[PDB]
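Enquirer: The letter at position 35 of the first sequence is residue 323 when you use the deposited numbering, and the numbering goes up by one with no holes.
Virtual Cβ for every residue (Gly too), placed ideally from N, Cα, C.
Sharing a structure with you now.
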Amino acid sequence: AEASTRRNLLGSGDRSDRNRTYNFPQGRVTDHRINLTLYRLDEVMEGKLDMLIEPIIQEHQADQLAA
RNA sequence: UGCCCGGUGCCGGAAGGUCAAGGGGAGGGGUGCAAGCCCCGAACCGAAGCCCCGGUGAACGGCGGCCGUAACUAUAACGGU
Ligand SMILES: [Mg+2]
Ligand SMILES: [Mg+2]
Ligand SMILES: [Mg+2]
Ligand SMILES: [Mg+2]
Ligand SMILES: [Mg+2]
Ligand SMILES: [Mg+2]
Ligand SMILES: [Mg+2]
Ligand SMILES: [Mg+2]
Ligand SMILES: [Mg+2]
Ligand SMILES: [Mg+2]
Ligand SMILES: [Mg+2]
Ligand SMILES: [Mg+2]
Ligand SMILES: [Mg+2]
Ligand SMILES: [Mg+2]
Ligand SMILES: [Mg+2]
Ligand SMILES: [Mg+2]
Ligand SMILES: [Mg+2]
Ligand SMILES: [Mg+2]
Ligand SMILES: [Mg+2]
Numbered sequence: 289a290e291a292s293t294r295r296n297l298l299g300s301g302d303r304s305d306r307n308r309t310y311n312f313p314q315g316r317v318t319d320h321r322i323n324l325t326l327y328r329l330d331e332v333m334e335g336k337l338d339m340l341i342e343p344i345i346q347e348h349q350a351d352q353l354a355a
C-alpha cells in the first residue's frame, strides 16, 4: 500500500508533467493546476510562500464546493 | 575437476636446538699403615627421532560474518570494516 500510493504522487512523468514550473529566465513561477503566474521566485525560491499556496487551496475548495 | 600447505600425514633438507648407551674423568666419597681396592661424578665428544627450515591435495582435511549503497518500493553490480 506504500508503493501503490507513492507511485501515483511522484508520477513517472518527471520529465515534465504535473504541478509547477520555475522560470529562471524571466522569473515566472507558475502552477499549471489553475494558471496563476507571477514573479515571486525571489520571494518563494529564496524563502516561504504560505500565501501563494492559498489560491491552490482556495481554488481547490470551489473545485469541490460548487459541484 | 577451482582456492587454501597455517594443523596432521608423506617427501626433501650434512645448518642449528634437544637427545640414550658408550667415550671422557675436572672434582668428590668409602676402606687400608700402606702400595692399593672400590663407588659416585662436571666440562666435553656422541645416532635415529623430535624441534626447526621448505615441498606436497586424484595426501588427511577446510573452503566466513557484519553494515551501507542505484530512476516508485524491492533488490544491490559498487563500497566500508
Ligand atoms: Mg576461487
Ligand atoms: Mg594445508
Ligand atoms: Mg603441510
Ligand atoms: Mg603459504
Ligand atoms: Mg589429524
Ligand atoms: Mg623428513
Ligand atoms: Mg647436529
Ligand atoms: Mg654419560
Ligand atoms: Mg667410565
Ligand atoms: Mg660414564
Ligand atoms: Mg680426578
Ligand atoms: Mg675416608
Ligand atoms: Mg685414609
Ligand atoms: Mg640428530
Ligand atoms: Mg580437488
Ligand atoms: Mg591435480
Ligand atoms: Mg581429503
Ligand atoms: Mg585443517
Ligand atoms: Mg536506495
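Give me the Cα-Cα distance between residue 308 and residue 350, rounded to the nearest whole angstrom.
Expert: Mapped onto the first sequence, residue 308 falls at position 20. Mapped onto the first sequence, residue 350 falls at position 62. Looking at the two C-alpha atoms, the distance is approximately 20 Å.
Enquirer: Cβ of residue 321 within 8 Å of Cβ of residue 344?
Expert: Numbered from 1 along the first sequence, position 33 holds the residue referred to as residue 321. Numbered from 1 along the first sequence, position 56 holds the residue referred to as residue 344. Yes.
Enquirer: Which of the three DSSP states is assigned to residue 337 in this structure?
Expert: In the first sequence, counting from the first residue as 1, residue 337 sits at position 49. In the structure shown, residue 337 sits in coil (DSSP, three-state: anything other than H, G, I, E or B).
Enquirer: Classify residue 351 as helix, strand or coil using the three-state DSSP reduction.
Expert: The sequence position of residue 351 within the first sequence is 63, counting from 1. Shown here, residue 351 sits in a helix according to DSSP, grouped into three states.
Enquirer: According to the Cβ coordinates, are residue 327 and residue 335 closer than 8 Å?
Expert: Working through the first sequence from its first residue, we reach residue 327 at position 39. Working through the first sequence from its first residue, we reach residue 335 at position 47. Against a cut-off of 8 Å, the Cβ pair of residue 335 and residue 327 comes out as no contact.
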